[PDB]
């Protein structure tokens, strides 16, 4: 009946992984872009935001806030969350590691300049020594095209999204991880993901200084 409506500002931020997941699922959606603090205050005043924050997604008659609530619902609805409780446990473990690394990268620009260089270095070492080894190992354990259940899940989508951001950081980091490289390609070639990667999709560019400034004005930080 009604397309999901995504409420956020015009940036990756905390809404991009939802854009990826919906697109991967073949689900069309609309976006309503917040451009100012007054836009956000209006959502607040209208009663639309349980904790007075965005992301918020209107879907199936609900007003869902909190990134993980949104993604868990969409993943379940479009059978991207595994086939039983144990596969969901594997998915969750994998994607919370992805979330942890993703949060580090997300927040980097918001670091004090005297700290940013150490923090980036630390992110690169965790990538090389902690996270990419863990995911490579999963893929090597079973030899399958997907992380869990030998079928596409949200885990594959969330990890490939992150591989795109790590490439932006440093395209060398993935070089010693052939299986991750192969996953990136395979997933990128799925027709829904290929369309999402093409120009003109809702996929968002890296956040530049001006966008970061808009964020500070809109969310008041």
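Residue numbers count along the first chain shown, from 1.
For the pair 8-16 and 208-216, the mean Cα B-factor is higher in 208-216.
151-159 and 28-36 differ in mean CA B-factor, and the higher of the two is recorded for 28-36. For the set 184, 63, 68, 44, the PDB entry assigns the largest Cα B-factor to 63. Based on the entry's C-alpha B-factors, the most elevated value among 119, 137, 88, 77 belongs to 119. Sort the modelled residues of the chain by CA B factor and residue 169 lands in the highest third. The deposited CA B-factor of residue 96 belongs to the lowest third of values across its chain. Residue-level temperature factors show residue 55 in the lowest third of its chain, judged at the C-alpha atom. Looking at the C-alpha B-factors along this chain, the one for residue 144 belongs to the middle third.
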